[PDB]
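**Q**
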Amino acid sequence: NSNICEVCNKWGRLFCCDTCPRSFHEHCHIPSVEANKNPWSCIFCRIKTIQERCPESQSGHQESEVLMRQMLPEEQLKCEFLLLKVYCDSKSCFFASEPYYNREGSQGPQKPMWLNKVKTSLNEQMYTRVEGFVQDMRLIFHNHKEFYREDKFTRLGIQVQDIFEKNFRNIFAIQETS
Ligand SMILES: [Zn+2]
Ligand SMILES: [Zn+2]
Ligand SMILES: [Zn+2]
């Protein structure tokens, strides 16, 4: 196994996957690494298993259909994985914890949102459809873009949103388009 966490790239108290060489800190893995379970498979392995059991799941889908799916176990897992993929980018540190807004010439968003809040929401099964999760994730970046206006710091929102969107397309097998 790897000697650094797959999500944060640091050493520490790591849990090793039994079916791939990845490792995780306890709260870096989503869901948090499970108490017992021997063997244990990580979220990357569990997502690969879904794909292997249903190869047709990789044919193209329409986003509108994906957003209306109910959050049954497999869609719950896919949202957890997609959240994990955003945390894997180091620039996610800007969007992880609860923000605050006091900048000359800007007003804070009406509905602040951050990655830890989405993490808790998923953990507490607060989303009933994929749409709920996706709307909150997109809100994070939209709030950022709107608040930082012309400051070049707005680009962080663009960059992390691009990571989100690419992984969303991959994980939910959205039909490729030009
Ligand atoms: Zn970590
Ligand atoms: Zn694994
Ligand atoms: Zn099948």
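Number 787 in PDB author numbering belongs to position 87 of the sequence shown; there are no gaps in the numbering. Each residue gets a CB set at the ideal place from its N, CA and C atoms; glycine is no exception.
#1: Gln762 by DSSP, collapsed to three states: which one?
#2: Nearest to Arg746 by alpha carbon, out of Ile840, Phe781, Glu706?
#3: Tell me which residues pass a beta-carbon proximity test against ligand 1: closer than 5 Å to any heavy atom, given in chain order.
#4: Kindly indicate the opening and closing residues of the alpha helix (DSSP H) around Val818.
#5: With a threshold of 6 Å (Cβ to nearest heavy atom), would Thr719 be considered close to ligand 2?
#6: Tell me whether the beta-carbon of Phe864 lies closer than 7 Å to the beta-carbon of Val786.
#7: Mapping DSSP to helix, strand and coil, what is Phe715?
#8: For a test of the three-state rule: what should DSSP assign to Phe781, helix, strand or coil?
#9: Determine the DSSP secondary structure at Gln810, reduced to helix, strand or coil.
#10: Can you list the residues near ligand 3, meaning Cβ strictly closer than 6 Å to any non-hydrogen atom, in the order they appear in the chain?
#11: Three-state secondary structure (DSSP) at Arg869?
#12: Looking at the structure shown, is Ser797 part of a helix, part of a strand, or coil, going by DSSP?
#13: By alpha-carbon positions, which one of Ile858, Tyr848, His761 ends up nearest to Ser806?
#14: Can you determine whether any heavy atom of ligand 2 sits closer than 6 Å to the C-beta of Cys745, and answer yes or no?
**A** Per the coordinate set shown:
#1: coil
#2: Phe781
#3: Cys705, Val707, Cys708, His725, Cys728
#4: 815–823
#5: yes
#6: yes
#7: strand
#8: helix
#9: coil
#10: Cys754, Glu756
#11: helix
#12: coil
#13: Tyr848
#14: yes
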